[PDB]
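1. sequence first, structure after, both from an experimental entry:
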Amino acid sequence: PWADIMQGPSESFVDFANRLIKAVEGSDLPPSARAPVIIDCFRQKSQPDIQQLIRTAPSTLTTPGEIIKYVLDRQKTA
Amino acid sequence: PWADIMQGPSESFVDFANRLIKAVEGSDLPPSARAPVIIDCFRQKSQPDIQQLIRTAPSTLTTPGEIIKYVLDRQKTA
Amino acid sequence: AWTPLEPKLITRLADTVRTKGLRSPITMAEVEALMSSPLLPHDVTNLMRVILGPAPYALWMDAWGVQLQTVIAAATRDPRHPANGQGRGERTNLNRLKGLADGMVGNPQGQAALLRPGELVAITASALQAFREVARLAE
Amino acid sequence: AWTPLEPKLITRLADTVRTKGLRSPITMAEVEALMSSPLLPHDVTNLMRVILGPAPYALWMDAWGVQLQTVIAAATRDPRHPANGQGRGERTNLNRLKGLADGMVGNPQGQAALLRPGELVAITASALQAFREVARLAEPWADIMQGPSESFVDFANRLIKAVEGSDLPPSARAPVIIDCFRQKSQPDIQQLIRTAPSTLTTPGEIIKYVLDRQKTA
Amino acid sequence: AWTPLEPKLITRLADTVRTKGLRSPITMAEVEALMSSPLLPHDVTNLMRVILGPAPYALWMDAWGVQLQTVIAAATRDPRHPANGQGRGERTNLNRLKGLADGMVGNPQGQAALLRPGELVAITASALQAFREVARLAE
Amino acid sequence: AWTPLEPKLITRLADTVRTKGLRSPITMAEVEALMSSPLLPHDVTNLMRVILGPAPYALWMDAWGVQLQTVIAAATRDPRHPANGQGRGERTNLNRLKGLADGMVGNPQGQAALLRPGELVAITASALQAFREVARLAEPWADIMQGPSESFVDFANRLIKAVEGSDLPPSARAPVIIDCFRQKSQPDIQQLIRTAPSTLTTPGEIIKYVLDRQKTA
Amino acid sequence: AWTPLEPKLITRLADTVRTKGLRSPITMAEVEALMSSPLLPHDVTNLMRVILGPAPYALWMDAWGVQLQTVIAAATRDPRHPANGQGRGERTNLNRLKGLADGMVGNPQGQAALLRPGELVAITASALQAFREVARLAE
Amino acid sequence: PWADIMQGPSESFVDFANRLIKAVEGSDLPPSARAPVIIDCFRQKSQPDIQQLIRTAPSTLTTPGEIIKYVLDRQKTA
Amino acid sequence: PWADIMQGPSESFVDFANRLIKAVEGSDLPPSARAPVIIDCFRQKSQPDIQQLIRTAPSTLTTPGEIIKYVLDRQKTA
Amino acid sequence: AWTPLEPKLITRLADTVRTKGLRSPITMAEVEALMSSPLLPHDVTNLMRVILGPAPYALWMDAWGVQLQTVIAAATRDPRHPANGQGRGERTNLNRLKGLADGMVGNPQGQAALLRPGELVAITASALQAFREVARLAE
């Protein structure tokens, strides 16, 4: 179930994005509703450090690929 | 007095913007000097979290409405 | 002939926006109610000046301009717009939509004189969509 | 006539990407191998769908679009593009490059029919550059020190790996590797390189010299 | 027309170099096997990039350059080199041997177009001798 | 007619070299100032004899000879040198450049008589480059870390100093300074630079950003 | 003919910047004094290299580039710039302003030869504005 | 006196070279005998670490400037 | 036996070279194989100080006499 | 006609070199004595083979070659060398100086036949200088 996917405390972001995109594209949603759902799940899941990282984006991110690129650039190396 | 308006530690940003725009438009300034003053007061007042949020704007904000929209988008939900 | 909206209805709508907010379905219903007859740019501009605060009013001016620009792009994409005419001399400029054209600036009577009913309904629909955008954005 | 790539080769390449990663030189060599003949947008799209995960695939779609847009800007900047023609009726739109044009959406046969060989090679080079970008993005040289117990060949391997797999220009890797050999590589080897009667102007020469005169221990 | 070497053979050769080392007679036999057809500078360069580590690859680049320079000295010492021509306009520069000449940098197709078979076999023999030197040097 | 340089200016320059050193930018600016008009070999030789100590003077004589030899190789590689002439009888020998030719040894007047303006400017540029070499030689960036208690502007000053006063090419200093800001500069500032919503592509921009958003303490 | 600035004046200005700081009105007056005659890019570059520390010098290089870019935008917006000419062959590129053009890199004499007086005064005003920005930014 | 100059245990090499070249050039030697004397004094003075550093020079150093450059390159940083 | 000759810990280098050249020239090797053997025995015998001294030779030594001269020049006086 | 040096004198000189060393003034005087008449390459080579040990003999071969090369450079720098002739057909190659030329290898009689007196004295002076160098180098 896509709506139950959370980014674990120790999980990296690319694994979380892979799992989420997999569960959203392999589901019962229409094809035209996958990108907005993936974006809004990146924003509300993806534990509050990345949540604030996406929130304070000086540019407007309108695509899952752009969000992934931005987060991978500005992520907290740890 | 517009030049004495600060955003309180607990005040939201829309209330501060309302108060500031009210005091600036209901003052003795010429009509052509209100927008630059409102912008430069958004930048120097509006306690340092929002100050840094406006400073690190990848786009150039040249209107009080655009600044308000940007800050409302990327504000720290709390 | 131009007739202004009642300040009593405008005061009631302003208090509705003040207590219920911008996004409540009752507020949108009230706005649709006061958006029933096609309004002149003067009417909608003063209405939004009164019911909205300063910052929402700035946002609404921006959104209204953007929506009117989309309308004018569709109008130059189709010469059969109810605001347009058949010849090129009736093409509608944004100065005529925003009430900035000649013979209209600050004068609602002249505004009502030169404007088309299609112009009025397009302006009204644009203002309603802009209000919806700003309401979704403010909260 | 369109012929698909072997699913056996694609499965082997997918397992290579799965074990070695996206950035290994063997993986890039394998991709160059399967990128030998000019592929149709359908082929490259399905290939990246199979070998890449979901998030790298999104990144790759983005990068491929950007590179194709740069190509189309260069094409409108020069009417002699091998994808273009002489008249204005042969100008190539991004719908024709991404396979979105009329008569191409979902049909590889029609795709192969209408596409030009210059179009195919441009699409292929764009996809290769996009793959390189995403591989460099999906996965620090100035923090590398030679450990007290580490040998010198291991330190050199680690340093050259981290310097060549980084964001430096190609013309800045050798001087950086040399100056990192000189300042890292704990003070015994530092003094060994400092007191070199000859001038060492290449990482290979420095490695050879140090391996010759190193303190056997 | 340029055809790349199989990544399966290259992977097997890389694992051979990884387990047996650089100097084992089986490894040299395998290299001689994959060095059978005359390779373009692109092929040999990528092959050594994949099978050799970073430091042996640097050493091999050095040794390959030195051996190619000896070849070019012998070529300017004899105008009948299978890489050279009869006139002075076919003299082969090191930019053409290392693949750095015009129309060759990064493009294997153009490389295969402009290169001579004598050029290819000379490059190949030079690369083999350089590999032997580096293997004798590494261990 | 030959006019000597003022001993007052030479004394001031000598004291500048004595207090600031050979490599300070103020010293190089002063040398460029006193290197404005084309000097005769006698002038530059006596100038370096006075301002430099014995060992730096020996080093400078060596470097000046090497640079003049490179100049003479370029001159025999091009008969259109402003020091050369069109015929072979105007070819310039190193005895004429170093002031050792006939009619010049020890006599500045005869020197100024026979020398060409192109000869003078070539000698002057050679001497300036030799001075730069010796200054870089007479007195490690990859070992610089920001201390736990050190401020960021001090760390940036130290790092930029050590990177610009090193053996790197001029086109490799900015990327190295950036990548050293990112990997050194203890993990608080590392994370501050990492989470930059904008892309910082210049050391000045990175310094400005960090100074804006730094943790006041 | 190029004449360098006195190292005595430069030393005094450097000590002024060292004791009074970058933002004092006396320091800005001294900079305006040493910014009186139109300087070549070499002069201003070496001056800022000597009087400013490493980090302020980086900031100043950035700011100078930005201001010169604004100048070049205004120049392409008006073909009557005192740095420009009437034909298109006199258009001034940033390589010519920053001293990076052909015949100018590292040579102040050639610089003074090819540069225009309008070019010099524009470079000088740009450098002064950049110094003001960096001084306001540093403290 | 030039023949009494030794490099002190704590003295740097450039100071020793300066002192030695000063005392040799400001002495009663002919001009054609200063360079060989300076070289042979670099080799026999200049305490045994630098003595061995000059001795094991793969190249032949035939000038005081070249010796100074070599020693400054390969000296023991301390 | 030439292949059993080592330079003793206290032995000088000229004595070791004399002994080695004697044993190599007074042996059963062909005349054309004595110089390479003498060189390679200088390199592998001749205890590791001289081994490293010969290894770090900026020039290529291709004759026993040249190796002997180089080592005698740069040897550690003791 | 070639006459060999007395083995008695050679034995006495060898014992002198054995007891006094290579650098004693008495040893150099004795060498000058046995270096009085111009010797053929065979004579000097065998003399140094007998009086010098193996390692000094290698050093002496090196030094003799270097000095002979300097002599041949001076000879190609002056066509009036007592070893040279006027035409180009008498130019003296190092094979003729070291005794390696045709008709000379191993045969002292043929050597004495083809060699010039200037050749002999040049070879002798070269050998003496080489002996001096090696003696100064050995101890």
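-> Structure received. Numbering: from 1, shown residues only, chains lettered A, B, ... in the order given.

2. near chain F at all, stretch A:46-66?
-> Yes. Applying CB under 8 Å from any CB of the partner chain, one finds stretch A:46-66 touching chain F at A:53, A:56-59. For every residue, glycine as well, the C-beta is placed using N, CA and C.

3. contacting residues for the residue in chain A positioned nearest to chain G?
-> When scored by CB to the nearest CB, chain A has residue A:58 as its residue closest to chain G, at 18.9 Å. Taking CB atoms under 8 Å, 6 or more residues apart in numbering or on different chains as the criterion, residue A:58 is in contact with B:56-59, B:70, B:74, F:197-198.

4. and the residue nearest to the spatial centre of chain A, what element?
-> Geometric centre of chain A, nearest residue: residue A:42, 2.7 Å, by CA atoms, centre = their mean. For residue A:42, the enclosing helix or strand under DSSP states H and E is helix A:34-44.

5. now, among the contacts of residue A:58, which is nearest to chain I?
-> residue F:198 (51.1 Å).

6. touching chain D at all, the longest helix seen in chain A?
-> When chain A is parsed with DSSP state H, its longest helix is helix A:13-25. Yes. Judged by CB under 8 Å from any CB, helix A:13-25 and chain D are in contact via A:14, A:17-18, A:21-22, A:25.

7. using PyMOL, define a selection of the buried residues within those.
-> Typed into PyMOL, the line below selects the buried ones among the residues of helix A:13-25 next to chain D, using 16 or more other CB atoms under 10 Å in any protein chain shown:
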select buried, chain A and resi 14+17+18+21
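
8. looking at chain A, which residue is nearest chain C?
-> For chain A, CB to the nearest CB, closest residue to chain C: residue A:60, 12.6 Å.

9. dump the residue contacts of that residue.
-> With contacts defined as CB under 8 Å, 6+ apart, residue A:60 is in contact with residue B:73.

10. hang on, the earlier thing: can I get the contacts of residue A:58 in CSV with secondary structure?
-> Output for the contacts of residue A:58, formatted as CSV (DSSP: H, G, I helix; E, B strand; the rest coil):
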residue, secondary structure
B:56, coil
B:57, coil
B:58, coil
B:59, coil
B:70, helix
B:74, helix
F:197, coil
F:198, coil
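
11. closest one of those to chain J?
-> Using CB to the nearest CB, residue F:198 comes nearest to chain J of the contacts of residue A:58, at 67.9 Å.

12. how many other residues sit next to the residue of chain A found nearest chain E?
-> Of all residues in chain A, residue A:77 sits closest to chain E, at 23.8 Å by CB to the nearest CB. By other CB atoms under 10 Å in any protein chain shown, 11 other residues sit near residue A:77.

13. name all residues that make contact with it.
-> F:190-191, F:194.

14. now with 6 Å?
-> Residue A:77 makes contact with residue F:194, according to CB atoms under 6 Å, 6 or more residues apart in numbering or on different chains.

15. same thing with residue A:34?
-> Contacts of residue A:34 by CB under 6 Å, 6+ apart are A:24-25.

16. which residues of chain A lie near chain D?
-> Contact residues, chain A versus chain D (CB under 6 Å from any CB of the partner chain): A:14, A:17-18, A:21-22, A:64-65, A:68.

17. farthest pair in the residues you listed?
-> The largest distance within the residues of chain A next to chain D, taken as CB to CB, falls between A:22 and A:65 and amounts to 15.3 Å.

18. give me the buried positions along stretch A:49-67.
-> A:50-51, A:53-54, A:56-58, A:61, A:64-67.

19. can you get me the start-to-end distance on it?
-> End-to-end distance for stretch A:49-67, by CA to CA, to the nearest Å: 14 Å.

20. distance from the chain centre to it, please.
-> With CA atoms, centre = their mean, to the nearest Å as the basis, stretch A:49-67 stands 9 Å off its chain's centre.

21. got it, and stretch A:66-75?
-> Relative to where its chain is centred, stretch A:66-75 has its mean C-alpha point 10 Å off (CA atoms, centre = their mean).

22. buried stuff in it?
-> Result for stretch A:66-75 [16+ other CB under 10 Å]: buried residues A:66-72, A:74-75.
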